[PDB]
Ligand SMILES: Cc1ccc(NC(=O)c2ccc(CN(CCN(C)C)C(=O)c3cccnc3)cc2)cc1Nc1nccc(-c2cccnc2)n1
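As structure tokens, one chain now follows by itself in the form deposited without the named molecule.
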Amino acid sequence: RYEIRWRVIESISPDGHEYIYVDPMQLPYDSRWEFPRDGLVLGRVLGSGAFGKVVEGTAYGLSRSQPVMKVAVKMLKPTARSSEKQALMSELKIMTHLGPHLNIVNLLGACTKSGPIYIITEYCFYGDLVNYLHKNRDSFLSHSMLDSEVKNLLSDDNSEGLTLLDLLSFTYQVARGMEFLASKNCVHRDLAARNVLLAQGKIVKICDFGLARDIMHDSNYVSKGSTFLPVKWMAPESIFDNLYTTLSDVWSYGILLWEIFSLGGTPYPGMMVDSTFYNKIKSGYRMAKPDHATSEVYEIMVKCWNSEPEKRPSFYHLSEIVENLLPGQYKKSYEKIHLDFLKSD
């Protein structure tokens, strides 16, 4: 029972109370992704889950830009239920269908022929945002101008105490990653700081890292109908009407920003998901401003949490809003890094 959460919308009825998602099994596997298994050496486990694991690795000759390249490798357990094996190929097909973006964990290649299915993806040095914000909590100082040279350092591996600028950078980058997925009509459905990784250069990449987690040991998921749901991140219409769209992704984005600007805090602190939680959300309960959010940032969270989905801002517009909260130089740096990424290989 392992499947990627992400869905791509193929059509909507004219009303439209009916979404049709692509069946990923119906998509093609471009065999040009295939990479020789002997070009790949596996190393330390990054995370292990109920159905498989993600492992650190080195790929030789996979990339022209980096002939010796650190990667992350997604794989199933040997027990390998067959439907699961298809699920993994489906994830592969979806990633090929979406194409690449700076701010997602990108597909780099696959081993699908003789042996267990491997998906080869970008490796993210700093791991997920939750743990990263935790580890750097004590070092956080608040203090936003290009002249300082603080702005130049942000999108680099240089070492300094965590700052509001960093938090805004993470915010901007998740918005650009989600603007990309939204432009492909891809609905994430599990957007949360745990599904945001941080890579070399402090580049945030959105992913689904569920394969590396045991859902049954994860308190952030609540059982429903034989499934477990990230309830504290879910829009009301997903909770009550089972409706998942880009607009419910925007709701999750607001929850994610709360995670960010509370330095890795758990949403709805001290509030367990139970009958009185659902009633409160339904009745319009929203979180108060986290300690390190500016007023402009909390205003963004509040907008994402509109009870009326169509009144929530688009990820394109969120990107613009956050861009104006950042120094002009930062957008300049991002553009250069965007271009370098696209030129890679």
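Numbering starts at 1 and follows the sequence shown. Basically, rigid core = biggest C-alpha set you can superpose within 1.5 Å across the two forms. Only residues modelled in both forms are compared.
The protein also exists as the form solved in complex with the named molecule; that form is not presented, and the subsequent description refers to it.
Steric access to the site is blocked in the shown form: after superposition of the site C-alphas, the named molecule as positioned in the deposited bound form has three or more atoms within 2.4 Å of backbone or C-beta atoms. Only one of the listed residues (222, 111, 181, 164) places a non-hydrogen atom within 4.5 angstroms of the named molecule in the deposited bound form, and that residue is 181. Only one of 174, 197, 256, 133 lies close to the named molecule in the deposited bound form, with a heavy atom inside 4.5 Å, and it is 197. In the deposited bound form, the named molecule sits within 4.5 Å of a heavy atom belonging to residue 127. With a 4.5 Å cutoff on heavy atoms, residue 261 does not count as touching the named molecule in the deposited bound form; it lies far away. Contact check for residue 238: every heavy atom lies farther than 4.5 Å from the named molecule in the deposited bound form.
Among heavy atoms of residue 318, none comes within 4.5 Å of the named molecule in the deposited bound form. Heavy atoms within 4.5 Å of the named molecule in the deposited bound form map, among the stretches 266-274, 95-103, 165-173, 227-235, onto 95-103 alone. Within 4.5 angstroms of the named molecule in the deposited bound form, the stretch 197-212 places a non-hydrogen atom from each of 197, 206, 207, 208, 209, taken in sequence order.
Measuring CA movement between the shown form and the other one with the rigid core aligned, the set 256, 168, 92, 211 has one residue at 2 Å or more: 211.
Regions that shift between the shown form and the other one, defined as runs of three or more consecutive residues whose CA atoms all move by 2 angstroms or more after core superposition, comprise 65-68, 78-80, 158-160, 210-212, 327-330.
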